[PDB]
Structure formats: structure tokens, C-alpha cells
């Protein structure tokens, strides 16, 4: 088992679901306390289990696995012997964990804002609604739409949405294309938001495109909230006899950068962090969603495909469905 998640296939469904979910609770709780290092270790340990070919049934099976030290091993040991880990359950039922989770899941609220509100004594969404003076426009939209945004978007919703985006994109710039990215590209059947990547086959034609796309979607009455090359929006999605609010991310990239943007925006988040860490620490190359830079030659790699990028980095290619780290 290699140490970086980008070095091994990770399928969406696997053989250690309960163990990985418990470790991910501890990772999330570490994030709420500002401990990014502990968050990473717990996420990496959970991801190792997702990549295993069969269930862990005995503690011995963790020997040699990366990211399993005393703490993550004890969590697994308690789950194997008792079906529950006391530390995990204590986190789950803690006021701090529950409130930080509730607040950070609001669009416009991160860990830092959630933590400040927590320290001020705030605990519920109604607490926030009573003091709207405290809220940015973005947070007001996130709070008003919170219920709909807490409902998963179904893969079965996505195609009709892609068609409306494609119509606005085609008016904004004929020949421009729309690619579904994010978790849905990795095979997920649900998500918290839909992610689209827009480009045009003629380099440079995409300049200034996103404002034109947004204006057209707004004029069609589809945008409940927005506000360049990235837009984090709230869209109106049709439902039987009504509609629901959905989060949609739109990104524009020049075609020269499209494979890098496709790779970055397809995730998973941990996969991309691990891939960029591998690139820098093992290969000496700097990776982002625009390119891959050799800081010794001061040159950018050209890529025409995601396959090119994996080859550049000396890694076996993984299709999106195996990037569910």
C-alpha cells in the first residue's frame, strides 16, 4: 500500500465503510479545531481503508499500512471489538461538533466564522436569523436556502441542468462546451453541488466568457444567488409542481489548461491534495488547476489529456471513478 492516495485506485464503494466513516468524523472534528495536520492524517487513514481489497477483520491487518499509528489503530480496534469507538461517539454527541457542523454547512460560513459564532454563544440557525445584521449577503442567501441546500442533488437531476447551462453557454459563445466534473464525474449518485467546466476549442475565445454566461442565466430567471472565471451560485432547479434551490459551480478554462482544470475540479478533494503533494515533494513539480510547473527549468508542461498529466508525474493513470480518495 503506497503512502499517497494518488498512487492507488480508490473506488466509490468499498469494503470498510464503517471504519472509514468513523475516522472521517475524527478528521472533521480536527478541522473544526483548526488542526489541519490531524485532519489530514485521519482522512488519509480513512482513505487507505477505502483502497483495501476486502474488510479489515483483525487488528493485525493494519500492520504495515501507512497512516495507521497508535491513535487510528485504537479507533479501528475499538470498532472491531465493540462495534463503537467511545471517542467517536463523544465527538458525535458534542455540542461543539454538532454546532460547528451545522454552521459550516451554511454557504458563506467557514470554520473561522462558525467558531466565532460558537464562542459568542450562538447554537442554531434561528439564532443566526434573529441577528441578520451579523450576516453577509452571501450568508443571508445560504441561510435562506439552507433547507433545500441540505437535500442531496440527484445524478438524475444533472442532465436537465446541464442542458440549461449549455443553452446559455452556446448563446454566450457558440462552440463553447460544458463538461460535468466533481463527484458526479467520479460516479457519485448524489452530491451537495453540481460542478461544470466550460472551455472553447479556440485558445483565447473563452476570455470574458463567464460574465456573459451568468448574465444569460440570470435573465432566464434561473439564478437565485451569485457573486471572473469561477462562479459559486444557487440555481433554481425544477421539481414536480415547483422547484428547489441547488448549488452549482461554474468554471471557465482556456483549452490549453483544460486537462489541468478537469483534473483539479474532478477531485476528490483528498485525491487532489495528495496529487499536488506528491508532485511537489516527490517529483519537484508544482501542480495546480492551470498547469504543472518545473521550477528548475522554469517551464510549464503541455498536456492534452489527464493521461498526459499522470504520465508527466510518473503515476499509473486512474480514471475518475478510482479517484474517490
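Residue numbers count along the first chain shown, from 1. If you superpose the two forms and keep the largest set of C-alpha atoms that fall within 1.5 Å, you have the rigid core.
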Discussion item. After superposing on the rigid core, which of 126-134 and 80-88 has its C-alpha atoms sitting farther from this form in 8 other deposited structures of this protein?
Written reply: 126-134
Worksheet entry | Outlying stretch relative to shown form, 162-170 versus 143-151 in 8 other deposited structures of this protein, C-alpha RMS (core) | 162-170
Practice prompt. Report, from the record, the number of residues in the deposited sequence between residue 239 and residue 240 that have no coordinates, as none, 1 to 3, 4 to 9, or 10 or more.
Written response: none
Practice prompt. Would you determine, from the values in the PDB entry, which of 157-165 and 190-198 has the greater average C-alpha temperature factor?
Written response: 157-165
Worksheet item: 178-186 versus 228-236: which one carries the higher mean Cα B factor per the record?
Response: 228-236
Discussion item. Sorting 54, 299, 41, 47 by Cα temperature factor from the record, which one lands on top?
Written reply: 299
Item to complete: Between 72, 144, 171, 94, let me know which has the highest C-alpha B-factor in the entry?
Response: 94
Fill in: Among modelled residues of the same chain, the CA temperature factor third for residue 294
highest
Fill in: residue 256, C-alpha B-factor rank within chain (lowest, middle or highest third)
middle
Discussion item. What third of the chain does residue 5 rank in for C-alpha temperature factor, lowest, middle or highest?
Written reply: lowest
Response to the item:
Of the three thirds of the chain ranked by Cα temperature factor, residue 246 occupies the lowest
Worksheet entry | Third of the chain's Cα B-factor distribution that residue 31 belongs to, per the entry | middle
